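J.: need a structure here:
(8 chains, ligands or ions: 2)
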Amino acid sequence: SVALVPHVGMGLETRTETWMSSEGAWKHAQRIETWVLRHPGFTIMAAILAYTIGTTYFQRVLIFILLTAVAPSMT
Amino acid sequence: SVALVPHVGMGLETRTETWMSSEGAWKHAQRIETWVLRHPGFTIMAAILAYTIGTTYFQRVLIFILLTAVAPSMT
Amino acid sequence: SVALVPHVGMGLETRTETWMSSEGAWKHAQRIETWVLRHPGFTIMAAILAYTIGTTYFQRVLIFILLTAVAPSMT
Amino acid sequence: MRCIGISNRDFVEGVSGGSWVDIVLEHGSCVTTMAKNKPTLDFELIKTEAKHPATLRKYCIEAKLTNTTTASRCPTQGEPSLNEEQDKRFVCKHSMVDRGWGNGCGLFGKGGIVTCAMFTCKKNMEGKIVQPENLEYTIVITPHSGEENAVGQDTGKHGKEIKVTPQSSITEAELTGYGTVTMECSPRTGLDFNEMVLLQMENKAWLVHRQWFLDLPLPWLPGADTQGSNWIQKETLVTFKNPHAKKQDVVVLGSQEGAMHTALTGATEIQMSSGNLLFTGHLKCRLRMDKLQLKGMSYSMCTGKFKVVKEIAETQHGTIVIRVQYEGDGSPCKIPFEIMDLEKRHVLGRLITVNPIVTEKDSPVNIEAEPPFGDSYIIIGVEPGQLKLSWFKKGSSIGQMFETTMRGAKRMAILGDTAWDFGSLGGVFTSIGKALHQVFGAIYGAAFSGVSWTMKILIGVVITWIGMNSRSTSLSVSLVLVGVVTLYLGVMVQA
Amino acid sequence: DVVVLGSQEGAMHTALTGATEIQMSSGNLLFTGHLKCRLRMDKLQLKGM
Amino acid sequence: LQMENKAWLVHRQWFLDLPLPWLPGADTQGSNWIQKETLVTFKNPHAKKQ
Amino acid sequence: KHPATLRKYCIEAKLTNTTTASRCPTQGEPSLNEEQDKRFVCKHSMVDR
Amino acid sequence: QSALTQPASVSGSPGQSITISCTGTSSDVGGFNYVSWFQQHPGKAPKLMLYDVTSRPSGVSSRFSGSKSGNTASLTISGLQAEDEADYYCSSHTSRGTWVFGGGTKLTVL
Ligand SMILES: *[C@@H]1O[C@H](CO)[C@@H](O)[C@H](O)[C@H]1NC(C)=O
Ligand SMILES: *[C@@H]1O[C@H](CO)[C@@H](O)[C@H](O)[C@H]1NC(C)=O
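T.: Numbers count the residues shown, from 1 in each chain, chains lettered A, B, ... in the order given. Ligands and ions are numbered 1, 2, ... in the order given. See below for the structure:
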């Protein structure tokens, strides 16, 4: 889809308001939260995997965040 | 045949487009790709022979690539 | 071209003689020999490279043979 | 000013104490030369013509077999005889077929057999050779004046065309109003035409190596044969088939035109109709600017107003060309043209169309200038009515330096050991570099002749690996350097 | 510019190296290959017994 | 980029990487669309019909 | 007997009706009406303007 | 790549400035600077008055000026002398390698 690749980080942004800026600033976060709520099972597996591949609290948290962010994102 | 002596490497090369340059730049490599796709059995045996011949890791890969290049082009 | 992908290794060979079996039995080796004769410089360099890359006389000879056979065919 | 609008334009800056500069010309390329007090000139090699070509060999690419005859011998009686067998326009082959009572022999064994067919050529490719004395290069010298096209003049442009032959390799171009320029060219080194063949196949021609041409596997006449009844190597274009040892037949081996086209890859194609025009050569010349002078240096600055009749445009080479027209009193006058900063307190850019002048009032003059990287302002005219134009150049100085080094390396790869003569003004460093490059290029051509670009890359990788894993630091660095160089040459080769 | 790249009959002949030629002027006759048969000698009688 | 009655100001490389059927700016016949496969779906659900 | 044709190959062709179209720099690609037809072999390249 | 559009007739009193418009497409007139204006007196071959949008031949008066904006190219005559009364044809080398001529316009001057 064309919608899958938005015109977001292109460096053309002025002081003038961009298209669908206000509403679309939090769409990704809302979608991720809704997906996590709908599919609680996968988040537990992601947390377990992140903890398994750890060796530092910072590492595990980053791994879990990335997994949870890209699990809904990769179609 | 005459097509097997292509005049590719005979010097004499100016800054002008030669005959069948873009087409013929990768045509041999593409031929080798198709041949390896059609004949995966020989590639496995060539890898085994390269591994068993030559002790250093560099040696094995050099032998494997040389054999896989000679095989299709031996005609 | 088509001439670069002959029908020699197909495995469909009966007792009947094939299209240019008599002519083409030694064409490739003759062409490699002619190439070595015409372009002696690469042969010496290939010999030196094979000697450097091979720890044993078997590795050196095999590598040199492969380099010599690939150079003309690769063109 | 033809050299603008061509992507291969190259700038030669400066002359030597003697007012000469060495420049290598190429067919695709173009050269713009700028000296302190000399006008800028554009040199391009447009035509290279080889004359009076002599055919050395004709090759057959599509044969034909017509009158097949055969003779058989019974076992233990030796080989049979055909009178066509010692005819040179017949291709013959001896074999053995099973013989016996059914065959009519009376002995059981292999009986000798001979078959002959008449070889006729239907299409051939003429490999011609040209004497190096018969090359006639054609060059165009256009003074980068800024003048527009004139319909009335016999020459619409003021570009002058000079022909350089190996015997008359010194010639002077008389550029009206700009003095004269002298070219001291060296045609005999541009291409070695004693190792080249002008290979003309049916409707197309190529410039190919001569040993390559003499080592082709096709039937060939010596080139002086008008009758064409003594083809050599006839067996490369026919096949003799003896299946089951029962019969023997001989058939022609099919039109070889496509196989020849595949074998011609890597050969530069050259026109060979209505003359032998090669558009791939390069020529080395020594340009003498001593008699070359600027036009209108004894003119006064224009005091009137200028209007741009052609909006400023940026060429591919990082310079700008604009077209201005004059609305002032002084008929011929120098055009005031500067590239300054916004406050006009620094000169940032340099003019390429040196000494822009306005010969006729109703005649626009178009100026090529080289603005600096970044913001700059093109000022044209004097204060009353002066026009100031802004411009931004999108590059960077480090980027231009990298691009220039790439261009120098590329010309070294193309004109190996002759690139040193592209902008040389004499000098010890240039001569030392050229000699070292000659030695190394001789070694490289010896050790890398007749090798494809993929093989070049493979050898470069192997040599770089050997250098990397080397106990000695001197050999390690030398081998790594050789590997990097041959990797670059393999990447840039076969174009 | 675009060129037609000649005729590929001879290159094809070179490519067909290693293929057993056959006949197709009439009926696609093949004169190569084997055939596996079983012999039934049971009902074979010597002619001159 | 002007769509139906609304226009935007977009990045050039982003616009040339749009996954839609396109014509060149000078196409002038209007029928030779390039990546038409982005705007159609081919279905062969049971390997029975397409 | 009765072999069915599987694939026809071209060994000798001929090019005709050659045509060219150009665009000024930064204006995209040119358009040739012959590009719609699939029996025309076409190629896109860039030339200095 | 079709015939360019020009007004059928144009008129202007002597000494006035007269403008002719040639409207093409993104390939005829808006794509390339191959805009040339031809002046043809009746019963005579056309005369190249302007080329390259603005440039004029060596023998052409300075009263002839050309401009191009978008897909439209214009020709303006200033002195508008009686000898300027003729049919003015616009042309352009289209993107397909062909030549398109405008319908032409006529100057009455008086
Ligand atoms: C070859 O055959 C042709 C067939 O017409 C004949 O005219 C010609 O004389 C023959 N040439 C020989 C047998 O040398
Ligand atoms: C191609 O050119 C021929 C003339 O040689 C003409 O008869 C034919 O109509 C043309 N076809 C196309 C598609 O341009």
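
J.: neighbours of residue 56, how many?
T.: Just going to use chain A. By other Cβ atoms under 10 Å in any protein chain shown, 8 other residues sit near residue A:56. Bear in mind the C-beta positions are built from the backbone N, C-alpha and C, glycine included.

J.: actually it's chain H I care about, not the one you picked
T.: 23.

J.: that one - nearest residue in space that isn't next to it in sequence?
T.: The shortest distance from residue H:56 to any non-neighbouring residue, by Cβ to Cβ, 6 or more residues apart in numbering or on different chains, is to residue H:50 (5.0 Å).

J.: who's sitting farthest from the centroid in chain H?
T.: residue H:96 (21.2 Å; Cα atoms, centre = their mean).

J.: what about that residue, is that helix, strand or coil?
T.: coil (DSSP: H, G, I helix; E, B strand; the rest coil).

J.: shouldn't it be in contact with residue G:19?
T.: Yes - Residue H:96 lies in contact with residue G:19 (Cβ atoms under 8 Å); the separation is 7.2 Å.

J.: picking that back up, how near is the residue farthest from the centre of chain H to residue G:21?
T.: Taking Cβ to Cβ, to the nearest Å as the measure, residue H:96 falls 5 Å from residue G:21.

J.: my guess is residue D:77 contacts residue D:110. True?
T.: No - using Cβ under 8 Å, residue D:77 and residue D:110 do not qualify as a contacting pair, with a distance of 10.8 Å.

J.: returning to what we had before: in what helix or strand does the residue nearest to residue H:56 lie?
T.: Taking DSSP states H and E as the definition, residue H:50 sits inside strand H:47-50.

J.: beta partners of residue D:269?
T.: Counting by DSSP bridges, residue D:269 forms beta bridges with residue D:206.

J.: what is the burial count for it?
T.: Residues near residue D:269, counting by other Cβ under 10 Å: 21.

J.: go ahead and confirm it touches residue D:206.
T.: Yes - using Cβ under 8 Å, residue D:269 makes contact with residue D:206 at a distance of 5.3 Å.

J.: overlap in contacts of those two?
T.: Counting by Cβ atoms under 8 Å, 6 or more residues apart in numbering or on different chains, the residues touching both residue D:269 and residue D:206 are residue B:19.

J.: and the residue nearest in space to the middle of chain H, how far from residue H:108?
T.: Nearest to the geometric centre of chain H sits residue H:37, at 3.4 Å (Cα atoms, centre = their mean). As for residue H:37, its distance to residue H:108 is 18 Å (criterion: Cβ to Cβ).

J.: kindly report the same for residue D:168.
T.: Between residue D:168 and residue H:108 the computed distance is 61 Å (Cβ to Cβ).

J.: likewise residue D:288?
T.: Distance, residue D:288 to residue H:108, using Cβ to Cβ: 60 Å.

J.: what does residue D:61 give?
T.: In terms of Cβ to Cβ, residue D:61 sits 69 Å off from residue H:108.

J.: now residue A:30: which helix or strand?
T.: Secondary structure assignment for residue A:30, by DSSP H and E: helix A:27-38.

J.: could you do residue D:283 as well?
T.: Taking DSSP H and E as the criterion, residue D:283 maps to strand D:282-288.

J.: which bits of chain H sit near chain G?
T.: Residues of chain H lying close to chain G by Cβ under 8 Å from any Cβ of the partner chain are H:31-32, H:95-97.

J.: make it 10 Å
T.: Residues of chain H that fall close to chain G, judged by Cβ under 10 Å from any Cβ of the partner chain: H:1, H:26-27, H:31-33, H:94-97.

J.: can I get these in JSON lines with distance to residue B:23?
T.: Supplementary listing: the residues of chain H next to chain G in JSON lines, determined by distance: Cβ to Cβ, whole Å:
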{"residue": "H:1", "distance to residue B:23": "32"}
{"residue": "H:26", "distance to residue B:23": "33"}
{"residue": "H:27", "distance to residue B:23": "30"}
{"residue": "H:31", "distance to residue B:23": "31"}
{"residue": "H:32", "distance to residue B:23": "31"}
{"residue": "H:33", "distance to residue B:23": "35"}
{"residue": "H:94", "distance to residue B:23": "31"}
{"residue": "H:95", "distance to residue B:23": "27"}
{"residue": "H:96", "distance to residue B:23": "27"}
{"residue": "H:97", "distance to residue B:23": "25"}
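
J.: what is the nearest of those residues to chain E?
T.: residue H:97 (13.5 Å; Cβ to the nearest Cβ).

J.: just give me the neighbour total for that closest one.
T.: Counted with other Cβ under 10 Å, residues neighbouring residue H:97 total 11.

J.: distance check, the nearest residue to it once chain neighbours are set aside against chain A.
T.: Excluding its sequence neighbours, the residue lying closest to residue H:97 (Cβ to Cβ, 6+ apart) is residue G:20, at 5.9 Å. Residue G:20 is 33 Å from chain A, where distance means Cβ to the nearest Cβ, to the nearest Å.

J.: for residue G:20, phi and psi?
T.: With angles defined as degrees, to the nearest 10, residue G:20 sits at phi -140, psi 150.

J.: which residue ranges of chain A form helices?
T.: For chain A, applying DSSP state H gives helices covering A:21-24, A:27-38, A:40-52, A:57-73.

J.: for these, give me JSON lines that also has distance to residue B:5 and mean neighbour count.
T.: Below are the helices of chain A laid out as JSON lines (distance: least, Cβ to Cβ, whole Å; neighbours: other Cβ atoms under 10 Å in any protein chain shown):
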{"stretch": "helix A:21-24", "distance to residue B:5": "63", "mean neighbour count": "10"}
{"stretch": "helix A:27-38", "distance to residue B:5": "61", "mean neighbour count": "12"}
{"stretch": "helix A:40-52", "distance to residue B:5": "59", "mean neighbour count": "13"}
{"stretch": "helix A:57-73", "distance to residue B:5": "54", "mean neighbour count": "14"}
